[PDB]
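There is one chain below, alone, in structure tokens, taken in the form deposited in one PDB entry.
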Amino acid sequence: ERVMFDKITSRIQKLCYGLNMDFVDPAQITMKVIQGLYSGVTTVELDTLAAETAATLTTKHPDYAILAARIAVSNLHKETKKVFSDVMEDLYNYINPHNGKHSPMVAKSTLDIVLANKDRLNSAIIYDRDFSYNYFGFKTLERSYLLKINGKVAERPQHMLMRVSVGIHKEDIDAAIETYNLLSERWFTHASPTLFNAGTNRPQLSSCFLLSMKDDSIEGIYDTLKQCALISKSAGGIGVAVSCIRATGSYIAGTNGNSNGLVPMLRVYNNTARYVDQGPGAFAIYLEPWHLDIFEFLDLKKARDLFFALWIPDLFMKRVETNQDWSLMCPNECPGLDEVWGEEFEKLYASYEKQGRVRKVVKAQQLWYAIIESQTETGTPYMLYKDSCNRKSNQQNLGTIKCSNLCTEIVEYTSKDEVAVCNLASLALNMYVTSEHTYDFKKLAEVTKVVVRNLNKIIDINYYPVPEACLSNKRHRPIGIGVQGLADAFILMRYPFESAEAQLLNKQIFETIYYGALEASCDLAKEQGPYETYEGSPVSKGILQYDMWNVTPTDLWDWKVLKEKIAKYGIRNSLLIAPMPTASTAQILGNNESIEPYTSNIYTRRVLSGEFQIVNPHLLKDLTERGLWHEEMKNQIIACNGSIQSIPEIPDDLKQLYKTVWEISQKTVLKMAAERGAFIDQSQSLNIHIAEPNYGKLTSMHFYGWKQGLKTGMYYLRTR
């Protein structure tokens, strides 16, 4: 009797294994999916209509997103070949059908390793792991990370991961399989470039590059510009130290004229970033605040493809705080201020002052408030503390570090002959919480060892866009291991972000990563010898990052014994740790970004023409299981900008747990950054969230960060 309303309900019901059926209701999906109408429709339109329908119910319970993903994945599975070696073969044999030209999508060398070991590699893969993404993390993979033939996905998520593994580990099949298992289980992820390009020809595997301007001359300026344009060709973020370029109106000997300053120079850099965007290039431009063009620099963005950062010496900060004057200089009149830091900077700068080699004197506080006025409008410039960066860098023996990278986590040496490179991965901190609410530190360490070994192998396979990058990387072998899902780990342990329980876990997590990392880096040194510039470095003198912060680790790990291992063998890598923003990879694994708390408990994702409302999944489980969740409450939470603090019916323990970043003290945020920072040998990407900007309050956040010892005081300022 008409009927046939279940039928499709059963198809949906089939993929609900393990979901919370108190809130997931297949019939609800079918009521919208039916309206399926059509005589000419089949088993392909629903699956995509049911997946979309399930995904909009993510606001009723999080398992709807898991159901949406299973529907979408099983659908992808039937439009895809199962066998890995066969997808790689088709990727290689791709003839671009309308230019005629053979255009292989994987490297011949990769495919040949694959075909030579297909039985082991094909059978190592477990396709049910493709079902472990939530809908939105799957659609991100589908959009950018799975190779397409015809505009039709050929790679399963498993196929992509296995390519990446073989791409990294080559003929080492044991390694490749181990890394496959870690990645497919989600214990860590490689950074986006690695996922895109490993196993391909053109394996541009790195994330960001750092440059110093070659010299203060048209010649110099345009070599650097070229270098930037070549790097931009290959998935490059860029940081550029620009302080050695002479100021506006300074004398040019050879044309008897006057320099045009930084601004019109940077117009060229800005247009090169717009122009070379693979076909959206972004350069971060780093200036020291003594440079005479500082005011015009802080007023420009008010240059859309440039991002601005101050490389700040302690002296400037002391001058601001004691209300003294601040001398602005042209680097051509006063050379080498950017080649030197700390005492040696303060003395040389002071000496130019005593000589009256000064182009303008301002009150330090006039410049200070130009800076924070800039930050209020654009949220830039980024605030980096030059002297902290150098004082606590294991690359010290190389010389003064002139800048950081696009996202402020990388503090590495650069020069005329060297472009610094960021080789990146992240650990998924939430995955290490046991089902018994304890933190598995030993597994964390063991995973970090694997990441180190992979990042070292990447240094050696990478396609470098300029030879100065290659030289840099091979000489010092730095690596940047970050994290994601710290907020999620806290919540899974039931710790409020500001609680003493989290503050200790926070310190222990990062003791552990630095420990494992050093341990693998030392094991690699035993096998292959220390990196070339290791003799001289603070680590070669028995000094580790925490010693530079005058911090004593907790009792969790035996540092005495590691130091003996390092004293004997050295380490393979000049630097190891750098919590980066993880914007794209966090969105794939379904964690919150990096070290950041949840910015809001309700947020939207776009998926093509779709717009989806998502509730903090930890929160939504808590609210649903306490019979508190309904639509009228969702709308109250939206009306309070994602806060649950003024909703009377939520118990105060959950309110503590689900504070948004706006409601968490930024002083605490900056403090925990300094505390884990003692075990981070580079820096960390650290935004400040102040609800409504207040010049006094911002000045006070900056000085707190500076005094805590942070290398990066502030990435972006966010106001809402």
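The first residue of the shown sequence is 1; numbering continues from there. If you superpose the two forms and keep the largest set of C-alpha atoms that fall within 1.5 Å, you have the rigid core.
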Other entries lacking residue 610, at least a third: yes
No coordinates for residue 279 in a third or more of the other PDB entries: yes
Unresolved deposited residues lying between neighbours residue 356 and residue 357: none
Absent coordinates between residue 302 and residue 303 - deposited residues affected, binned into four classes: 4 to 9
Comparing 251 to 259 with 303 to 311, the one whose average Cα B-factor in the PDB entry is higher: 251 to 259
Stretch exceeding the other in mean C-alpha B-factor - 234 to 242, 160 to 168: 234 to 242
Residue with highest C-alpha B-factor in the PDB entry, from 468, 343, 412, 596: 343
Options 618, 118, 453, 190 - largest CA temperature factor per the record: 118
Chain third (lowest, middle, highest) by recorded CA B-factor, residue given as residue 651: middle
Ranked against its chain, the third holding the CA B-factor of residue 296: highest
Chain thirds of CA B-factor: placement of residue 289: lowest
Chain-wide C-alpha B factor ranking for residue 33, given as lowest, middle or highest third: highest
Chain-relative CA temperature factor third for residue 605: highest
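The next section is about a form of this same protein that is not shown, the form deposited in another entry.
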Threshold 2 Å Cα movement between this form and the one not shown at residue 651, rigid core reference: no
Core-aligned CA displacement of residue 35 at least 2 Å between this form and the one not shown: yes
